[PDB]
Amino acid sequence: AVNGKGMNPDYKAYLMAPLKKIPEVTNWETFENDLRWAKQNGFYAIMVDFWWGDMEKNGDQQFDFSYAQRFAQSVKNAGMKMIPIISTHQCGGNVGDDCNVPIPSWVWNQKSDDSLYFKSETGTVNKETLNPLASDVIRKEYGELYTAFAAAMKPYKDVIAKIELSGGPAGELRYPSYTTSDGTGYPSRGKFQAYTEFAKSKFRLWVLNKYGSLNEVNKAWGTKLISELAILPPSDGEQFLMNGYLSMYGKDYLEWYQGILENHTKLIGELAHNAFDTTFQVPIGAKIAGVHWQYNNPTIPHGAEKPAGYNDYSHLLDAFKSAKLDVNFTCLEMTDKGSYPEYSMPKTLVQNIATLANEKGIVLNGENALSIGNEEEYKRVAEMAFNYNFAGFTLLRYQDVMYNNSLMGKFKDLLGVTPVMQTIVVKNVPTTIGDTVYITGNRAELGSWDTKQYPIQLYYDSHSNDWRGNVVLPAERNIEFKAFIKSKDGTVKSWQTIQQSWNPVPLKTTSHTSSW
Ligand SMILES: OC[C@H]1O[C@H](O[C@H]2[C@H](O)[C@@H](O)[C@@H](O)O[C@@H]2CO)[C@H](O)[C@@H](O)[C@@H]1O
Ligand SMILES: OC[C@H]1O[C@H](O[C@H]2[C@H](O)[C@@H](O)[C@@H](O)O[C@@H]2CO)[C@H](O)[C@@H](O)[C@@H]1O
Ligand SMILES: OC[C@H]1O[C@H](O[C@H]2[C@H](O)[C@@H](O)[C@@H](O)O[C@@H]2CO)[C@H](O)[C@@H](O)[C@@H]1O
Ligand SMILES: OC[C@H]1O[C@H](O[C@H]2[C@H](O)[C@@H](O)[C@H](O)O[C@@H]2CO)[C@H](O)[C@@H](O)[C@@H]1O
Ligand SMILES: [Ca+2]
């Protein structure tokens, strides 16, 4: 893996449940059998949406966790684990959505202003999820929902492996900047979503709080604003994305804009921890979308990410570390293109997020953005997952492998692996002062024969005079590998004479000794 390390010893594969409730797909008996089958193919747990629209449909404090409870019961009967996603967003309307579960209708009556929803550059209103600006309403509702959920699911604490929170549209921490109705669907530029009166008002106050008075504002922005009312979000999102973002106004606007999501992250992280830490004691995470289009567009750089709220990923991730939330990213199955007209760079994006997350020490999880119908995509996921220290991978979605045996088989081999620590020993290596020995092999967990970025470093043993090291490997899979020497300058000097192999890697920890 990167930095001479191996794969993450805690890696686990999860299966995304269907969008429709199980009873709308099959019966519980078959479901339990499907779970037992998934478990046999390497899946540790099933991740599932529990919609707010279902749990608190009738009215405030009128909860119904019966479906959730019945679901967990079958997961228990099947000896599986589950990861509930407390989906406080709407189901249906997004790409590939085969459902219709809007959030409780009554929640909208809690305000007379336009503080609860979103409004785009061109006036399009969106109600897929509560506007994170309404932190007072969010604190109350999420707070009550989370605590009610914890109590209702207490009997199933043993089958809950982790809990995922919904931070916005499609359960992702972002603004609803790419939608059909707003004319911003992939792969077009996104539209800023801060045009409600309430949003304008908050930005205005934030600016004034930062500089004190209009005069200081004008001084900092180098503008000639006539009055406080002239402080507004961009009038033209396209011109703003073309070069306005470069000005001091631009930087302030984007800071505030992304800042709303960061504060939201801290808020739900606090509520979640207060509600679950004692009862469940399981990790809590949230999702970051993979807005890969318009990434390298020369005219409107990062023209899709910025409107979505993603301007500075480093700063964004700090909010996660701060809230004590693990991160779940996507687009692990895609490769870079970067050509007109999509200017898509998903892999570069993933590499960047992973690196940042690793540096900050944030537990990293991932998913595939679109359905995978070919083995090649599994390899892409494997390459990313096993070389950038991912702790978990969730496959979307259930039916794709559950009803396709050959596909399910390719996943078991490539992704449904169980990491096991093994000792690799290499004798008689003709190393000279300055050299270091690494191993690289055929599987992604071994760098896929890469000597540049992913080789796994070994350590010299001055007592037995050989090179060794404890490496994490995929249990019960066949591997081939060879050690090689790297110069002080990083040049590959030579390779082990004969290619080694382990068919397969044993399930118990032991050692593989070979000679140069
Ligand atoms: O709030 C000040 C001003 O902001 C916007 O104008 C920006 C523009 O969006 C940027 O692209 C760049 O040109 O800087 C401008 C500010 O000098 C709003 O369009 C405008 O209505 C508002 O007064
Ligand atoms: O639903 C949010 C979702 O949006 C994106 O998915 C894209 C997909 O990558 C494109 O190929 C095309 O199908 O449009 C989809 C929706 O616009 C992100 O890739 C994904 O990370 C994000 O969760
Ligand atoms: O291209 C990857 C390749 O790596 C190994 O082959 C080495 C070989 O062991 C060295 O003696 C020398 O020939 O460099 C080769 C790499 O170009 C693996 O043995 C091979 O299976 C793998 O495809
Ligand atoms: O059930 C999980 C969520 O699935 C959809 O959202 C996915 C989307 O299908 C995928 O293309 C994107 O890359 O990731 C999101 C987030 O997992 C539904 O639209 C969501 O409502 C569900 O929560
Ligand atoms: Ca409530």
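Values reported hereafter were calculated over all heavy atoms of this structure, with side chains retained and with hydrogens, waters and symmetry mates removed. Residue numbers count from 1 along this sequence.
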Self-check item: Which atom of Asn358 lies closest to which atom of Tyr388, heavy atoms considered
Solution: ND2-O, 3.3 Å
Practice problem: Mark yes or no: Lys360 above the aromatic ring of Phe320, with NZ or CZ under 6.0 Å from the six-membered ring centre and no more than 45 degrees from the axis. | Solution: no
Quiz item: Which heavy atom of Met153 sits nearest a heavy atom of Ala68, and at what distance?
Solution: CE-O, 3.7 Å
Exercise. Please report the C-alpha distance between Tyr67 and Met55 in whole Å, then the side-chain angles of each, then the deciding distance to 0.1 Å, and finally whether the side-chain contact (heavy atoms from CB on, under 4.5 Å) criterion is met.
Key: CA-CA 9 Å; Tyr67 177 66; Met55 305 184 279; over 6 Å; no
Quiz item: For the residue pair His302 and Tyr295, does the interplanar ring angle fall in the parallel (under 30°), tilted (30 to 60°) or perpendicular (over 60°) class?
Solution: perpendicular
Quiz prompt | Nearest-0.5 Å distance that lies between atom CG in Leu19 and atom CH2 in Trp51 | solution = 6.0 Å
Quiz item: Do you know the tightest heavy-atom contact between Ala38 and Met408?
Solution: CA-CE, 4.3 Å
Practice problem: Establish, from distance only, whether the side-chain atoms of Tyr156 and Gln73 form a donor-acceptor pair under 3.5 Å. | Solution: yes
Quiz prompt | Gap separating the CD1 atom of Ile288 from the SG atom of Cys331, nearest 0.5 angstrom | solution = 12.0 Å
Quiz item: Do you know which of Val417, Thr418, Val505 makes side-chain contact (heavy atoms from CB on, under 4.5 Å) with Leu473?
Solution: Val505
Exercise. Is it possible for you to check whether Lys410 lies under 6.0 Å from the centre of the six-membered ring of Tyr378, through NZ or CZ, and within 45° of that ring's axis?
Key: no
Quiz item: Nearest heavy-atom pair of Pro169 and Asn94: which atoms, and what distance?
Solution: C-OD1, 4.4 Å
Quiz item: Rounded to the nearest 0.5 Å, how far apart are NZ of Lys39 and CE of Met80?
Solution: 7.0 Å
Quiz item: Once the angle between the rings of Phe118 and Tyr175 is folded into 0 to 90°, is it parallel (under 30°), tilted (30 to 60°) or perpendicular (over 60°)?
Solution: perpendicular
Quiz item: Cut-off 3.5 Å, side chains only: do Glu164 and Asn365 have a donor facing an acceptor?
Solution: no
Quiz item: Which atom pair, heavy atoms only, marks the closest approach of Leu261 to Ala308?
Solution: CD1-O, 4.0 Å
Exercise. Start with the C-alpha gap between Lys5 and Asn389, add the side-chain angles, then the distance that decides, and say whether side-chain contact (heavy atoms from CB on, under 4.5 Å) holds.
Key: CA-CA 9 Å; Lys5 306 183 182 184; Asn389 201 225; over 6 Å; no
Exercise. Before giving the answer on side-chain contact (heavy atoms from CB on, under 4.5 Å), spell out for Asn442 and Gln499 the whole-Å C-alpha distance, their side-chain angles and the decisive distance to 0.1 Å.
Key: CA-CA 11 Å; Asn442 61 172; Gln499 183 166 302; over 6 Å; no
Self-check item: side-chain contact (heavy atoms from CB on, under 4.5 Å) partners for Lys324, two or more places apart
Solution: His273
Quiz prompt | Ring centers of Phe386, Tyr11 separated by less than 6.0 Å | solution = yes
Quiz item: What is the ring orientation for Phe71 with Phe31, classed by angle as parallel under 30°, tilted 30 to 60°, or perpendicular over 60°?
Solution: tilted
Self-check item: Closest non-hydrogen atom pair, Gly92 against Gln90
Solution: O-NE2, 2.9 Å
Practice problem: Kindly determine whether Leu15 and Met402 satisfy side-chain contact (heavy atoms from CB on, under 4.5 Å), including the steps that lead there. | Solution: CA-CA 10 Å; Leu15 219 212; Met402 204 61 64; 3.6 Å; yes
Practice problem: Tell me whether the centres of the aromatic rings in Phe411 and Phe43 are closer together than 6.0 Å. | Solution: yes
Quiz prompt | side chain to side chain donor-acceptor pair (under 3.5 Å) assessment of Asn374 paired with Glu376 | solution = CA-CA 5 Å; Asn374 178 294; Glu376 185 54 53; over 6 Å; no
Quiz item: Taking atom types as modelled and ignoring hydrogens, do the side chains of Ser448 and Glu383 form a donor-acceptor contact shorter than 3.5 angstrom?
Solution: no
Quiz item: How are the rings of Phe276 and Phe149 set relative to one another: parallel (under 30°), tilted (30 to 60°) or perpendicular (over 60°)?
Solution: perpendicular
Self-check item: Contact check, side chains of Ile372 and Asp400, non-hydrogen atoms, under 4.5 Å
Solution: no
Quiz item: With a 3.5 Å cut-off and no angle check, do the side chains of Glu32 and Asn77 form a donor-acceptor pair?
Solution: yes
Exercise. Indicate yes or no: at least one non-hydrogen side-chain atom of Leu458 is less than 4.5 angstrom from one of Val426.
Key: yes
Quiz item: Taking atom types as modelled, is there a side-chain donor on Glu262 or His315 under 3.5 Å from an acceptor on the other?
Solution: yes
Quiz prompt | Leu133 side chain reached by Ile260 side chain, heavy atoms, under 4.5 Å | solution = yes
